[PDB]
Structures are given as structure tokens and as C-alpha cells.
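Take a look at this one chain, the form deposited in one PDB entry, written out in C-alpha cells.
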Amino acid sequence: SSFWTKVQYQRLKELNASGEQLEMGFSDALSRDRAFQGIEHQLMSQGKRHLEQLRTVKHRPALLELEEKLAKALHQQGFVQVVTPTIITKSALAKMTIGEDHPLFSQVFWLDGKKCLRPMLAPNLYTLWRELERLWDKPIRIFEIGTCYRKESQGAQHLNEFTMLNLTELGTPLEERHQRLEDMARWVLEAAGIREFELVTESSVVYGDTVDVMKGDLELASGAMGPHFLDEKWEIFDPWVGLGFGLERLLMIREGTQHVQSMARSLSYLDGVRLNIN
């Protein structure tokens, strides 16, 4: 009836110990300790092995292989990729809501009294939409892949630095909005190797007719469409659809993993492998 001690559970965890392995039980406190050195060793061996694949054939971790595969898949559907500032103005962050109540101000990393690290890509993409609409015929399709920051979590699994992928279409014919939302989820998720997922539609006073792509309980992405009450402040007058994916979750929810930090930007892990091993 003796189970893993603290440090043992936490160590095995970083090493991506299964859920079952973690729930293992032993008779005596020493018998346990013996088999501990046993599992850790096996898991370490796997990490070294995987790291060997990175050194000799991949040459880049999953996050980057995923980004390229997703970008290419969208370039193929005629999406134009853009790269915008990670540093946005207070003024821009404010337009992300109506009224003088800007909840987002309490969860962002302020650099200045005027500047902050973007916690999302929407304000930048909103800006480009307005500019491209005057230059390009619709539908207009653009997306971006990049780091976003949020100083405070909503759960003990929300990273400070995370990678997002927002793709949008300005000019979507109204009756095609839902279908286009499905297309986007399909193009991205299939390209990531995830075929199962529901498009749980929803509609709130605020969020509006918001869409949540999910694989059971876990949400892979969040999307919305326009006319949207935020279009006024941004000067957008065309209907649209957009979807935002958190790439670390996609990596997580793909190669089934314990912690999401195993593959997020890090110094402790390399391509999902803890570094202080064997």
C-alpha cells in the first residue's frame, strides 16, 4: 500500500511518466524505492533516445516542425502569413472591448505606461484587416503564428509565454461563416494530425456567436465571427471568421503528454525531454 513519495512522483512526472505508472503501488517503502530507480532509468533512456532522433534527423523540435507544417498547409489554401509586433499599445489593447472596462489590463505584462506584451493576436490582425481591405479584393485571408504573453493564469497549467496561431477571413459570405469556421479547424487540425474534434457552437451576450473547437473536454481553439460588436472601434464593416489555436496544447493534446511545459519554450526541456537525465 506504499506509493511514490513526493520527489519521486514529481521527477517521474517531468520524465513523462504515464498516468498508470504514477499511480503504481508497492508493498514496502524500500521495494518501492528500488523500482523507482527502475522506471526513472527506463524513462531517461527514452528521453536520450528521442534526443538522438533530434540530433541526427529532425534538427529542430516538434514546435517548429509543427509551425512549418501548419503554415504550409495554410499557404496552400491561399492564406497570406504575416508577422506583427509582440509589443502593442494600451490604446490597441483597449479596443479589444467596449466601454471603459478593460479587464485585459490586469493580466498583461506592461513595459511602459503606453506599451505591453500582446496577450493575443487579434488587435494586430484587426489592424491589418483594415489596411488590406483598401488594397485587396475580398475574401481576404491572413494568419499569424507567434508568441503571446499573459502574466496570470486561470489554472495551474497556463504558461506565461505561449504560442498562438490565428487565421482569419475578411469577406466571408454570411451564410458560409459556420462552414468556413469548420474549414479552418479542418485545415489546421488535419495538418497537425488530429482528426477528431467537435465544433461546439455557442453564443454569449459578450463573446457573441463564439465557436470552441474541442476534443472532448479540452479546447484546442477558440473562434468567433463578424459583424461583431468590436468591429465598430476597429472600423471593420465586413463579416468574417477567425480561429485561434494554442500550439503547445496541440503538441500536448497530440503526443499525449503530462505537463504542457514539456514542449513550451524552455531551458529545462528540449523537444519534450527533461535535460538533467541519465
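Start at 1 with the first residue shown and count on from there. Heads up, when I say rigid core I mean the largest set of C-alphas that superpose within 1.5 Å between the two forms.
Omitted from view is the form deposited in another entry, to which the following refers.
- After superposition on the rigid core, the single residue among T201, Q154, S91, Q179 whose C-alpha moves by 2 Å or more between this form and the one not shown is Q154.
- The Cα position of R60 differs by less than 2 Å between this form and the one not shown after fitting on the rigid core.
- Fitting the two forms on the rigid core leaves the C-alpha of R34 displaced by at least 2 angstroms between this form and the one not shown.
- Core-superposed comparison between this form and the one not shown: CA of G256 displaced by less than 2 Å.
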